[PDB]
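Here is the structure we will look at, set down as structure tokens.
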Number of protein chains: 2
Amino acid sequence: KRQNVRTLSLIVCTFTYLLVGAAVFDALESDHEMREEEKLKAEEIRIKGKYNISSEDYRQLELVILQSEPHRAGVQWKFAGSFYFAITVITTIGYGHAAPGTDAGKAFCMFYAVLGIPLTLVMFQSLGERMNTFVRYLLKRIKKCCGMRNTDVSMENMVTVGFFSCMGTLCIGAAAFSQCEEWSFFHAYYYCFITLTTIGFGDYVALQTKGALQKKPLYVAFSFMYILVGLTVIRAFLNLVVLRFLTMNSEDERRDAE
Amino acid sequence: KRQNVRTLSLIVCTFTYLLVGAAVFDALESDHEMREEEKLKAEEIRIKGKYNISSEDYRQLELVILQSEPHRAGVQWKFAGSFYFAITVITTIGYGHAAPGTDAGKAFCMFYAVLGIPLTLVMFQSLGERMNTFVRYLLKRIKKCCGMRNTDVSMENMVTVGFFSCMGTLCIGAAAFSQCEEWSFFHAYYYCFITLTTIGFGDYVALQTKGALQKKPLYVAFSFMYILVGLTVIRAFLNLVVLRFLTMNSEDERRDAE
Ligand SMILES: CC(C)CCC[C@@H](C)[C@H]1CC[C@H]2[C@@H]3CC=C4C[C@@H](OC(=O)CCC(=O)O)CC[C@]4(C)[C@H]3CC[C@]12C
Ligand SMILES: CC(C)CCC[C@@H](C)[C@H]1CC[C@H]2[C@@H]3CC=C4C[C@@H](OC(=O)CCC(=O)O)CC[C@]4(C)[C@H]3CC[C@]12C
Ligand SMILES: CC(C)CCC[C@@H](C)[C@H]1CC[C@H]2[C@@H]3CC=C4C[C@@H](OC(=O)CCC(=O)O)CC[C@]4(C)[C@H]3CC[C@]12C
Ligand SMILES: CC(C)CCC[C@@H](C)[C@H]1CC[C@H]2[C@@H]3CC=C4C[C@@H](OC(=O)CCC(=O)O)CC[C@]4(C)[C@H]3CC[C@]12C
Ligand SMILES: CC(C)CCC[C@@H](C)[C@H]1CC[C@H]2[C@@H]3CC=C4C[C@@H](OC(=O)CCC(=O)O)CC[C@]4(C)[C@H]3CC[C@]12C
Ligand SMILES: CC(C)CCC[C@@H](C)[C@H]1CC[C@H]2[C@@H]3CC=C4C[C@@H](OC(=O)CCC(=O)O)CC[C@]4(C)[C@H]3CC[C@]12C
Ligand SMILES: [K+]
Ligand SMILES: [K+]
Ligand SMILES: [K+]
């Protein structure tokens, strides 16, 4: 039974959390959307009237301008941008700054992700375990060197070091990207958070503001290795925190054989 | 040691898989991109020359048309669209069809995701365990009713039923969305795959082709419950397959105390 009371509690929690989220996002964003849509509609009418642009030409121009936006960021599918795409696929960040235009590319993206996502999960899990083991050794050595009465490393110490490793990773990212992309520090930090949680809205995407995929190989290398290292650190902390809970239903189901 | 040979093998595998992906995506997509960019640049020059649009006006018109695209899909931040956004946040699908425009909305999106992602992972893990337990009971009852010499349910049977549950979920989604959105069956299937893996490029997004968030409450309800159920089924199968491997490094590290 207890497994069922737990799962029903988690479902009621998730739907309550969605309702609270929806109400707060509505409260924060709904007036800004309306004022922005009134401003955009006014400027649209202004320009369309100035040049007397025909409705069919304006529709075609909208289609052209929307489809041209992936191409303004330079060549996406040559090797560097194909590698950037593959990273966003198998990590499931999926910015969608470019996404495959052909049906063959779509089918390959599916078969590629089918094997790439498991491989990447097992890889980040193994690197996270190695990282946490190194941290626990290094903390034990520090505690011994500090002469503490016990060298033992408790879960609260691991959670403290995990939290400051995540904050440090996001601050280092925010500094690098706010320098390289000319974002504000807050927007670069938001970009780093949305990337390393793998949400990946793609409102902000690095390497796109110029021909940087072609022209800045060292910044491309940084962006790729920052993504892979940051995802490792964030997942290692997430696993450290939630692993006690992910296994409860199966532990109770095994004990229920008694 | 064996833990280290495993993690180094997984890193070399991941980078080889990225190189193979990048080379194949380049081979598939790079000629289509160039032919499309030549067509778009030609149509841009055509329209800009027909109306003699000034360069500054064309830049402003591009900005207007790009920022107007979220608003063409109807009101995003009223309750139904705020709920759709919150779903894409805490599941980490993150289509980015709408993303918070204010800095307050960005900060809340961060604090909201910090708690929402763990909660949702623990919820899908618990529902997946309950689902797999139900399946294993139901298969045992079927085998007993079929009069088989043993009622035991092997891992190959669970993997077979998991695979056909995932294929069935994607086919049901592809049929519903190809009917409701006027996509082809292949594009609706690609959309379902990219959604339930949580990649979420957002090239295809349901509920956006008209005022459907406001005008079609029953299709909004279907889309939300399809997302939550599909993510449950897909994660339950992924866990079933990879759980033997996710725990190897910690099992070896525990046994290494001997
Ligand atoms: C830490 C260990 C275990 C792995 C280290 C791997 C890195 C040294 C590799 C992984 C991916 C590589 C990058 C993959 C792609 C590119 C793009 C490449 O630029 C181009 O190819 C230009 C575009 C073109 O001509 O197609 C320059 C090298 C670079 C940055 C590579 C630099 C070296 C990187 C970062
Ligand atoms: C979800 C379905 C459709 C696909 C599931 C694929 C996984 C089950 C595969 C994909 C990549 C595989 C991994 C790729 C490489 C390795 C390293 C390999 O390491 C060694 O053999 C090192 C020597 C040793 O450990 O003794 C062990 C298996 C493992 C973890 C594999 C285990 C099985 C994985 C996770
Ligand atoms: C504080 C310590 C303990 C950890 C963090 C160290 C940082 C200060 C380092 C780590 C990696 C470094 C980055 C590695 C690569 C690049 C790309 C580089 O890009 C260019 O030079 C652009 C031109 C080109 O790529 O050709 C600019 C510096 C930067 C961001 C570096 C800035 C300093 C960083 C963030
Ligand atoms: C299976 C059990 C455990 C949970 C079942 C939950 C569903 C019955 C709920 C969850 C989310 C609900 C939806 C959340 C939001 C909306 C939008 C709402 O439309 C509007 O509010 C219009 C826009 C506006 O006026 O703000 C209509 C109901 C609907 C589809 C809800 C229908 C009922 C749903 C699918
Ligand atoms: C990553 C950091 C920043 C945040 C980590 C948050 C998690 C540790 C929290 C978020 C939601 C929590 C869950 C919300 C609800 C429940 C149901 C609750 O169920 C009951 O109490 C039912 C009665 C019983 O089981 O006896 C058990 C704890 C649990 C799984 C919680 C465990 C801890 C969770 C996963
Ligand atoms: C094959 C069996 C074992 C499992 C799958 C059953 C399907 C045939 C059902 C399950 C849920 C159904 C869907 C639930 C809700 C809707 C929304 C509904 O939308 C409208 O009617 C639009 C107008 C409005 O919403 O007001 C159209 C039917 C549809 C897609 C249904 C089509 C048939 C579906 C996919
Ligand atoms: K996206
Ligand atoms: K994701
Ligand atoms: K995503």
Side-chain angles (χ1 to χ4, degrees), chain A residues 4 6-23 25-26 199, chain B residues 73-74 76-95 97-98 112-113 116-117 119-132 134-135 161-162 164-181 183 185 187-200 202 204-209 211-239:
Chain A
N4 302 343
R6 195 183 297 108
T7 68
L8 292 169
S9 302
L10 282 160
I11 293 163
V12 171
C13 289
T14 300
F15 285 114
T16 303
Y17 200 72
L18 287 171
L19 289 169
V20 170
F25 286 122
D26 179 8
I199 296 164
Chain B
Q76 304 284 13
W77 294 102
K78 292 295 184 179
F79 181 85
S82 268
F83 202 101
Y84 192 29
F85 178 74
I87 291 169
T88 72
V89 175
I90 71 176
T91 61
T92 75
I93 296 161
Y95 294 130
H97 60 287
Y112 185 74
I117 294 166
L119 172 63
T120 302
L121 290 171
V122 176
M123 188 274 303
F124 288 142
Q125 184 95 7
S126 302
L127 268 175
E129 182 279 331
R130 293 288 79 204
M131 175 184 290
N132 284 338
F134 179 71
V135 170
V161 173
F164 291 124
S165 302
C166 298
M167 293 301 295
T169 299
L170 297 173
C171 294
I172 288 160
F177 291 113
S178 60
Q179 293 292 339
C180 295
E181 299 291 346
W183 301 330
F185 188 90
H187 294 164
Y189 191 101
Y190 167 83
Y191 169 67
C192 294
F193 180 93
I194 291 299
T195 297
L196 301 186
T197 55
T198 72
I199 296 164
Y204 297 82
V205 184
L207 311 171
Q208 300 284 285
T209 60
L213 286 169
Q214 289 75 39
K215 298 177 184 182
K216 299 187 176 183
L218 191 65
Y219 176 43
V220 177
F222 167 76
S223 303
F224 295 176
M225 296 304 296
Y226 178 83
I227 289 166
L228 300 173
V229 174
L231 289 168
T232 301
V233 177
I234 299 309
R235 287 174 177 272
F237 174 65
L238 176 65
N239 292 327

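The chains referred to below are lettered A, B, ... by the order of the sequence lines, with proteins before strands, and numbering in each begins at 1.
Between atom OG of residue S82(B) and atom CG of residue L19(A) there is a gap of 11.5 Å, rounded to the nearest 0.5 Å. Distance check, rounded to the nearest 0.5 Å: CD1 of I87(B) to OG1 of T14(A) gives 11.0 Å. Atoms CD and CG, on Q76(B) and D26(A) in that order, are 12.5 Å from each other to the nearest 0.5 Å. Distance check: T7(A) OG1 to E129(B) CD gives 8.5 Å after rounding to the nearest 0.5 Å. Note: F164(B) CZ to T169(B) OG1 = 13.0 Å, rounded to the nearest 0.5 Å. Taken to the nearest 0.5 Å, the CD1 atom of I11(A) stands 10.0 Å off from the CZ atom of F124(B).
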| message | Set out, in order, the CA-CA distance, both residues' side-chain angles and the distance that settles side-chain contact (heavy atoms from CB on, under 4.5 Å) for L207(B) and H97(B), then state yes or no. | response | CA-CA 10 Å; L207(B) 311 171; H97(B) 60 287; over 6 Å; no
| Between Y112(B) and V20(A), is a side-chain contact (heavy atoms from CB on, under 4.5 Å) present by the stated rule, with each step listed? | CA-CA 10 Å; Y112(B) 185 74; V20(A) 170; 5.7 Å; no
| query | Can you list the steps and then say if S223(B) with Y84(B) is a side-chain contact (heavy atoms from CB on, under 4.5 Å)? | reply | CA-CA 9 Å; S223(B) 303; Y84(B) 192 29; 5.7 Å; no
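The closest side-chain donor-acceptor pair between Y95(B) and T195(B) falls under 3.5 angstrom. Looking only at atom types and distance, the side chain of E181(B) has a donor-acceptor partner in the side chain of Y219(B) under 3.5 Å away.
Taking each heavy atom of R235(B) and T198(B) in turn, the nearest pair found is NH2-CG2, 4.2 Å. The two residues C166(B) and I234(B) make their nearest non-hydrogen contact at SG-CD1, 3.6 Å. Closest of all the heavy-atom pairs between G116(B) and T120(B) is O-OG1, 2.7 Å. Of all heavy-atom pairs between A98(B) and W77(B), the closest is CB-CZ2, 4.0 Å. The heavy-atom pair separating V12(A) from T16(A) by the smallest distance is O-OG1, 2.8 Å. The nearest pair of heavy atoms linking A188(B) to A174(B) is CB-O, 3.3 Å.
Using cut-offs of 30° and 60° on the angle between ring planes, the pair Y190(B) and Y204(B) is perpendicular. Between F224(B) and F83(B), the ring planes lie parallel to each other; the angle is under 30°, not in the 30° to 60° tilted range.
At least one side-chain heavy atom of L170(B) sits under 4.5 Å from a side-chain heavy atom of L196(B). No side-chain heavy atom of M123(B) sits under 4.5 Å from any side-chain heavy atom of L228(B). Using a 4.5 Å heavy-atom threshold, the side chains of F79(B) and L213(B) count as separate.
The aromatic ring centres of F177(B) and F222(B) sit less than 6.0 Å apart.
A donor-acceptor contact shorter than 3.5 Å is absent between the side chain of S178(B) and the backbone of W183(B).
The one candidate from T92(B), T88(B), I93(B) that meets the side chain to side chain contact (heavy atoms under 4.5 Å, CB included) condition with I199(A) is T92(B).
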